[PDB]
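**Student:** My structure is stored as coords_6.txt, with compact mmCIF, N, CA and C atoms.
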```txt
# COMPACT_ATOMS: atom_id res chain seq x y z
N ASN A 165 -8.52 -15.12 13.59
CA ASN A 165 -7.59 -15.30 12.49
C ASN A 165 -7.57 -14.07 11.61
N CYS A 166 -6.41 -13.43 11.48
CA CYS A 166 -6.28 -12.22 10.68
C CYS A 166 -4.97 -12.27 9.92
N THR A 167 -5.05 -12.18 8.59
CA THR A 167 -3.89 -12.36 7.73
C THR A 167 -3.47 -11.08 7.03
N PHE A 168 -3.94 -9.93 7.50
CA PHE A 168 -3.55 -8.66 6.90
C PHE A 168 -4.14 -7.54 7.73
N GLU A 169 -3.58 -6.35 7.57
CA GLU A 169 -4.12 -5.13 8.13
C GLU A 169 -3.34 -3.98 7.52
N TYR A 170 -3.98 -2.82 7.43
CA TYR A 170 -3.40 -1.70 6.72
C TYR A 170 -4.17 -0.45 7.10
N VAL A 171 -3.50 0.70 6.96
CA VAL A 171 -4.08 1.99 7.32
C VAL A 171 -3.48 3.02 6.39
N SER A 172 -4.10 4.20 6.34
CA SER A 172 -3.60 5.28 5.50
C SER A 172 -4.42 6.53 5.81
N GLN A 173 -4.04 7.63 5.17
CA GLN A 173 -4.78 8.87 5.32
C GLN A 173 -6.20 8.70 4.77
N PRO A 174 -7.21 9.24 5.44
CA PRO A 174 -8.59 9.04 4.96
C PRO A 174 -8.83 9.74 3.63
N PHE A 175 -9.79 9.20 2.88
CA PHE A 175 -10.13 9.72 1.56
C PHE A 175 -11.60 10.05 1.38
N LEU A 176 -12.51 9.38 2.09
CA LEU A 176 -13.93 9.51 1.78
C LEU A 176 -14.42 10.94 1.97
N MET A 177 -14.01 11.58 3.07
CA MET A 177 -14.60 12.85 3.49
C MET A 177 -13.80 14.01 2.91
N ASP A 178 -14.29 14.55 1.79
CA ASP A 178 -13.79 15.79 1.21
C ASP A 178 -14.96 16.65 0.74
N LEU A 179 -16.03 16.67 1.53
CA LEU A 179 -17.26 17.32 1.12
C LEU A 179 -17.05 18.81 0.87
N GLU A 180 -17.72 19.33 -0.15
CA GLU A 180 -17.72 20.74 -0.48
C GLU A 180 -19.08 21.36 -0.16
N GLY A 181 -19.06 22.65 0.15
CA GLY A 181 -20.29 23.34 0.48
C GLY A 181 -21.00 22.71 1.67
N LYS A 182 -22.26 23.10 1.83
CA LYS A 182 -23.06 22.65 2.97
C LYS A 182 -24.41 22.06 2.57
N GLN A 183 -25.08 22.62 1.57
CA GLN A 183 -26.44 22.22 1.23
C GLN A 183 -26.60 22.17 -0.28
N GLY A 184 -27.69 21.54 -0.71
CA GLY A 184 -28.05 21.47 -2.11
C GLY A 184 -27.91 20.08 -2.69
N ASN A 185 -29.04 19.36 -2.80
CA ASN A 185 -29.04 18.00 -3.32
C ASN A 185 -27.88 17.20 -2.75
N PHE A 186 -26.84 16.98 -3.55
CA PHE A 186 -25.61 16.35 -3.08
C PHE A 186 -24.43 17.15 -3.63
N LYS A 187 -23.35 17.18 -2.85
CA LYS A 187 -22.26 18.11 -3.09
C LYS A 187 -21.17 17.52 -3.97
N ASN A 188 -20.60 16.39 -3.57
CA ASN A 188 -19.46 15.81 -4.26
C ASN A 188 -19.75 14.36 -4.61
N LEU A 189 -19.55 14.02 -5.88
CA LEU A 189 -19.65 12.64 -6.35
C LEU A 189 -18.39 11.89 -5.97
N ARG A 190 -18.56 10.75 -5.31
CA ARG A 190 -17.49 9.80 -5.03
C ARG A 190 -17.60 8.66 -6.03
N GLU A 191 -16.49 8.31 -6.66
CA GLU A 191 -16.44 7.24 -7.65
C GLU A 191 -15.32 6.29 -7.27
N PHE A 192 -15.63 5.00 -7.21
CA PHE A 192 -14.69 3.96 -6.82
C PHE A 192 -14.78 2.82 -7.82
N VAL A 193 -13.67 2.14 -8.02
CA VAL A 193 -13.63 0.93 -8.83
C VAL A 193 -12.83 -0.12 -8.08
N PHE A 194 -13.42 -1.30 -7.91
CA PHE A 194 -12.82 -2.41 -7.19
C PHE A 194 -12.61 -3.57 -8.14
N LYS A 195 -11.41 -4.13 -8.13
CA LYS A 195 -11.06 -5.22 -9.04
C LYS A 195 -10.12 -6.17 -8.34
N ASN A 196 -10.38 -7.47 -8.43
CA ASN A 196 -9.56 -8.48 -7.76
C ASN A 196 -8.90 -9.34 -8.83
N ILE A 197 -7.59 -9.17 -9.01
CA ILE A 197 -6.85 -9.87 -10.06
C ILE A 197 -5.55 -10.40 -9.48
N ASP A 198 -5.26 -11.67 -9.76
CA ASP A 198 -4.00 -12.30 -9.36
C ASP A 198 -3.70 -12.02 -7.89
N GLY A 199 -4.70 -12.24 -7.04
CA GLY A 199 -4.53 -12.04 -5.62
C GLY A 199 -4.64 -10.59 -5.21
N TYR A 200 -4.07 -9.70 -6.01
CA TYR A 200 -4.08 -8.28 -5.69
C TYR A 200 -5.51 -7.74 -5.72
N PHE A 201 -5.80 -6.83 -4.79
CA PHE A 201 -7.06 -6.11 -4.76
C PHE A 201 -6.78 -4.65 -5.09
N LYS A 202 -7.32 -4.19 -6.21
CA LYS A 202 -7.05 -2.87 -6.74
C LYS A 202 -8.25 -1.97 -6.52
N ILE A 203 -8.01 -0.82 -5.90
CA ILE A 203 -9.04 0.16 -5.60
C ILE A 203 -8.62 1.49 -6.21
N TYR A 204 -9.42 1.97 -7.17
CA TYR A 204 -9.26 3.27 -7.79
C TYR A 204 -10.37 4.19 -7.31
N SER A 205 -10.12 5.49 -7.34
CA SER A 205 -11.03 6.46 -6.75
C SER A 205 -10.98 7.78 -7.51
N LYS A 206 -11.99 8.60 -7.26
CA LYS A 206 -12.02 9.98 -7.72
C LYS A 206 -13.17 10.70 -7.02
N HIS A 207 -13.02 12.01 -6.85
CA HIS A 207 -14.05 12.85 -6.26
C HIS A 207 -14.25 14.07 -7.13
N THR A 208 -15.51 14.48 -7.31
CA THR A 208 -15.79 15.55 -8.26
C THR A 208 -16.95 16.43 -7.83
N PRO A 209 -16.87 17.75 -8.05
CA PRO A 209 -18.04 18.60 -7.82
C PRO A 209 -19.20 18.24 -8.74
N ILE A 210 -20.42 18.46 -8.24
CA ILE A 210 -21.63 18.16 -9.00
C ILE A 210 -22.79 18.89 -8.36
N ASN A 211 -23.75 19.32 -9.18
CA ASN A 211 -24.99 19.93 -8.72
C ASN A 211 -26.13 19.36 -9.56
N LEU A 212 -26.70 18.24 -9.10
CA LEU A 212 -27.80 17.60 -9.81
C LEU A 212 -28.35 16.42 -9.02
N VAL A 213 -29.65 16.16 -9.16
CA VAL A 213 -30.26 14.95 -8.63
C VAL A 213 -30.32 13.91 -9.74
N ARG A 214 -30.16 12.64 -9.37
CA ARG A 214 -30.08 11.57 -10.35
C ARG A 214 -28.98 11.89 -11.36
N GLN B 314 29.55 0.35 -46.35
CA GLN B 314 29.18 0.19 -44.95
C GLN B 314 29.76 -1.13 -44.45
N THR B 315 30.80 -1.03 -43.62
CA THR B 315 31.55 -2.21 -43.20
C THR B 315 31.03 -2.80 -41.90
N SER B 316 30.78 -1.98 -40.89
CA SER B 316 30.42 -2.48 -39.58
C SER B 316 29.54 -1.47 -38.87
N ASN B 317 29.30 -1.70 -37.59
CA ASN B 317 28.47 -0.84 -36.77
C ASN B 317 29.25 -0.44 -35.53
N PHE B 318 28.84 0.66 -34.92
CA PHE B 318 29.52 1.25 -33.79
C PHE B 318 28.50 1.50 -32.70
N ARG B 319 28.80 1.04 -31.49
CA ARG B 319 27.93 1.20 -30.34
C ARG B 319 28.76 1.67 -29.16
N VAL B 320 28.30 2.73 -28.50
CA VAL B 320 28.96 3.20 -27.29
C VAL B 320 28.59 2.25 -26.15
N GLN B 321 29.52 1.38 -25.77
CA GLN B 321 29.23 0.39 -24.75
C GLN B 321 29.00 1.07 -23.40
N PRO B 322 28.19 0.46 -22.54
CA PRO B 322 27.93 1.08 -21.24
C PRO B 322 29.14 1.00 -20.33
N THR B 323 29.42 2.11 -19.64
CA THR B 323 30.58 2.16 -18.75
C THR B 323 30.34 1.34 -17.49
N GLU B 324 29.15 1.45 -16.91
CA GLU B 324 28.86 0.78 -15.65
C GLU B 324 27.39 0.42 -15.54
N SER B 325 26.95 0.02 -14.34
CA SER B 325 25.57 -0.40 -14.12
C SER B 325 25.09 0.17 -12.79
N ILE B 326 23.84 0.64 -12.77
CA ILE B 326 23.27 1.24 -11.57
C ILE B 326 21.92 0.58 -11.28
N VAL B 327 21.52 0.65 -10.01
CA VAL B 327 20.26 0.10 -9.53
C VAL B 327 19.67 1.09 -8.54
N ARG B 328 18.35 1.25 -8.57
CA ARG B 328 17.67 2.13 -7.63
C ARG B 328 16.28 1.58 -7.33
N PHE B 329 16.12 1.05 -6.13
CA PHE B 329 14.85 0.67 -5.54
C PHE B 329 14.42 1.73 -4.53
N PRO B 330 13.18 1.67 -4.03
CA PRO B 330 12.71 2.77 -3.17
C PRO B 330 13.41 2.84 -1.82
N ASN B 331 12.96 3.79 -0.98
CA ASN B 331 13.72 4.28 0.17
C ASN B 331 13.95 3.23 1.25
N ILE B 332 13.47 2.00 1.09
CA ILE B 332 13.68 0.93 2.07
C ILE B 332 13.45 1.46 3.48
N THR B 333 12.19 1.52 3.90
CA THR B 333 11.84 2.10 5.20
C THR B 333 10.98 1.19 6.06
N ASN B 334 10.04 0.44 5.47
CA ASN B 334 9.08 -0.34 6.25
C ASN B 334 9.77 -1.59 6.79
N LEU B 335 10.62 -1.37 7.79
CA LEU B 335 11.38 -2.45 8.40
C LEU B 335 10.47 -3.32 9.26
N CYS B 336 10.72 -4.62 9.26
CA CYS B 336 9.96 -5.53 10.10
C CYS B 336 10.34 -5.32 11.57
N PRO B 337 9.41 -5.59 12.49
CA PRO B 337 9.68 -5.37 13.93
C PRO B 337 10.37 -6.56 14.59
N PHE B 338 11.62 -6.82 14.18
CA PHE B 338 12.39 -7.88 14.82
C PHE B 338 12.86 -7.45 16.21
N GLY B 339 12.97 -6.15 16.45
CA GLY B 339 13.32 -5.69 17.78
C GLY B 339 12.33 -6.15 18.84
N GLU B 340 11.05 -6.18 18.49
CA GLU B 340 10.03 -6.67 19.41
C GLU B 340 10.16 -8.17 19.68
N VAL B 341 10.98 -8.88 18.91
CA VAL B 341 11.17 -10.31 19.11
C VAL B 341 12.57 -10.67 19.57
N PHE B 342 13.58 -9.85 19.27
CA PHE B 342 14.94 -10.10 19.74
C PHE B 342 15.35 -9.15 20.86
N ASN B 343 14.50 -8.20 21.23
CA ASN B 343 14.78 -7.25 22.29
C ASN B 343 13.56 -7.09 23.19
N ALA B 344 12.83 -8.18 23.41
CA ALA B 344 11.68 -8.17 24.30
C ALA B 344 12.14 -8.37 25.74
N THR B 345 11.46 -7.69 26.66
CA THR B 345 11.87 -7.73 28.06
C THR B 345 11.81 -9.15 28.62
N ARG B 346 10.72 -9.87 28.34
CA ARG B 346 10.54 -11.23 28.84
C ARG B 346 10.08 -12.13 27.71
N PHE B 347 10.65 -13.33 27.66
CA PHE B 347 10.29 -14.34 26.68
C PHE B 347 9.30 -15.33 27.28
N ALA B 348 8.68 -16.12 26.41
CA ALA B 348 7.68 -17.09 26.83
C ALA B 348 8.33 -18.41 27.21
N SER B 349 7.57 -19.25 27.90
CA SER B 349 8.05 -20.56 28.31
C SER B 349 8.07 -21.51 27.11
N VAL B 350 9.07 -22.39 27.08
CA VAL B 350 9.24 -23.27 25.93
C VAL B 350 8.01 -24.14 25.73
N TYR B 351 7.37 -24.58 26.82
CA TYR B 351 6.16 -25.37 26.69
C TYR B 351 4.98 -24.54 26.19
N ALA B 352 5.06 -23.22 26.28
CA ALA B 352 4.01 -22.30 25.84
C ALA B 352 4.62 -21.17 25.02
N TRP B 353 5.46 -21.54 24.05
CA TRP B 353 6.21 -20.56 23.28
C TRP B 353 5.29 -19.47 22.73
N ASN B 354 5.82 -18.26 22.64
CA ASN B 354 5.07 -17.16 22.05
C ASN B 354 5.26 -17.17 20.54
N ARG B 355 4.22 -16.75 19.81
CA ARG B 355 4.29 -16.70 18.36
C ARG B 355 3.82 -15.33 17.87
N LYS B 356 4.60 -14.74 16.98
CA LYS B 356 4.29 -13.44 16.39
C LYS B 356 4.29 -13.57 14.88
N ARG B 357 3.25 -13.05 14.23
CA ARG B 357 3.13 -13.10 12.78
C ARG B 357 3.74 -11.84 12.18
N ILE B 358 4.62 -12.02 11.20
CA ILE B 358 5.29 -10.93 10.51
C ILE B 358 4.87 -10.98 9.04
N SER B 359 4.35 -9.86 8.55
CA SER B 359 3.89 -9.78 7.17
C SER B 359 3.84 -8.32 6.75
N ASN B 360 4.02 -8.09 5.44
CA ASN B 360 3.91 -6.76 4.85
C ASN B 360 4.93 -5.80 5.46
N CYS B 361 6.18 -6.24 5.51
CA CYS B 361 7.27 -5.41 5.99
C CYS B 361 8.58 -5.94 5.41
N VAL B 362 9.61 -5.10 5.47
CA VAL B 362 10.92 -5.44 4.94
C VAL B 362 11.76 -5.99 6.09
N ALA B 363 12.23 -7.22 5.93
CA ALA B 363 12.97 -7.93 6.97
C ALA B 363 14.46 -7.81 6.69
```
Step by step, read the file and then write its structure as C-alpha cells.
**Tutor:**
Amino acid sequence: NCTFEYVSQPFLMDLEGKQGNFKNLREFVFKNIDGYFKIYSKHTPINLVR
Amino acid sequence: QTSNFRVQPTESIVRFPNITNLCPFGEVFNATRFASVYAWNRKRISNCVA
C-alpha cells in the first residue's frame, strides 16, 4: 500500500573541502501541519568541533 | 467635498502556473491491451493535473 511518491534534485551532498573536523553544517526543520509536511533546509560553511 | 472618484477597472485577468504536470490518462485510454472484466485492472492517479 503506497499513497504517495515524489522525487527531485538531490540536496544533502554539497560538501566543501576535503578534511578538517566537519566541513558544511546541514540544517533542517520538519513540521507537520494541516496534513502538509513542511521541510526547510540550509547549508553553511563551518570550521569547529561541537 | 461632494463625492468621490474611482477609476473603475477596465477588465479582469487571471494567471495560474504553467500547467504541466498532466495526469497519465494516455496509459489508461491508449494502453495496448486491457484487462479482463472479471479481473479488471486498477491504476491509482494522484499528485497530477487531470
**Student:** May I ask for the distance between atom C of residue 174 in chain A and atom N of residue 207 in chain A, given in Å to one decimal place?
**Tutor:**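 Rounded to one decimal, the two atoms are 11.5 Å apart.
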**Student:** Could you please determine the separation between CA of residue 340 in chain B and CA of residue 165 in chain A in Å, to one decimal place?
**Tutor:**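 Taking CA of residue 340 in chain B as the start and CA of residue 165 in chain A as the end point, the length is 20.8 Å.
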**Student:** Once you add 4 Å to each side, what are the centre and edge lengths of the axis-aligned box holding all listed atoms of range 192-207 of chain A? One decimal in Å, as JSON, if you can.
**Tutor:**
```
{"center_x": -9.7, "center_y": 0.9, "center_z": -7.4, "size_x": 19.9, "size_y": 34.4, "size_z": 13.3}
```
**Student:** Do you have, as a tab-separated table, the list of residues of chain B lying at most 12 Å from chain A, each with its nearest atom pair and that distance in Å to one decimal, counting only C-alpha atoms and ordered by chain then number?
**Tutor:**
```
residue	atom	partner	partner_atom	distance
B:356	CA	A:167	CA	12.0
B:357	CA	A:167	CA	8.7
B:358	CA	A:167	CA	9.7
B:359	CA	A:168	CA	7.5
B:360	CA	A:168	CA	8.0
B:361	CA	A:170	CA	11.3
```
**Student:** Restricted to N, CA and C atoms, what would the selected residues look like written as a CSV table (one decimal), in the coordinates of the input?
**Tutor:**
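New file again-v8.csv:
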```csv
chain,number,residue,atom,x,y,z
B,356,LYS,N,4.6,-14.7,17.0
B,356,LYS,CA,4.3,-13.4,16.4
B,356,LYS,C,4.3,-13.6,14.9
B,357,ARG,N,3.2,-13.0,14.2
B,357,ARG,CA,3.1,-13.1,12.8
B,357,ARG,C,3.7,-11.8,12.2
B,358,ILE,N,4.6,-12.0,11.2
B,358,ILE,CA,5.3,-10.9,10.5
B,358,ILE,C,4.9,-11.0,9.0
B,359,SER,N,4.4,-9.9,8.6
B,359,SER,CA,3.9,-9.8,7.2
B,359,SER,C,3.8,-8.3,6.8
B,360,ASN,N,4.0,-8.1,5.4
B,360,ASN,CA,3.9,-6.8,4.8
B,360,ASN,C,4.9,-5.8,5.5
B,361,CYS,N,6.2,-6.2,5.5
B,361,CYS,CA,7.3,-5.4,6.0
B,361,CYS,C,8.6,-5.9,5.4
```
**Student:** CA of residue 343 in chain B to atom N of residue 363 in chain B: how many Å, to one decimal?
**Tutor:** 16.6 Å
**Student:** If you count only C-alpha atoms, which residues fall within 10 Å of residue 211 in chain A, apart from same-chain ones fewer than 4 positions away, as a list in words?
**Tutor:**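 Here the qualifying residues turn out to be residues 184, 185, 186, 187, 188 and 189 of chain A.
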**Student:** Using DSSP assignments from the backbone, pull out every residue in chain B that falls under helix (DSSP H, G or I) and give it to me as an MDAnalysis selection string.
**Tutor:** chainID B and resid 339:342 350:352
**Student:** Which protein, DNA or RNA residues have an atom at most 8 Å from (10.4, -0.4, 7.8), counting only N, CA and C atoms? List them as a list in words.
**Tutor:**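 These residues have at least one counted atom within 8 Å: residues 332, 333, 334, 335, 336, 337, 361, 362 and 363 of chain B.
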**Student:** Using all atoms listed in the file, which residues sit within 5 Å of residue 193 in chain A once same-chain residues fewer than 6 positions away are excluded, as a ChimeraX atom specification?
**Tutor:** /A:203-205
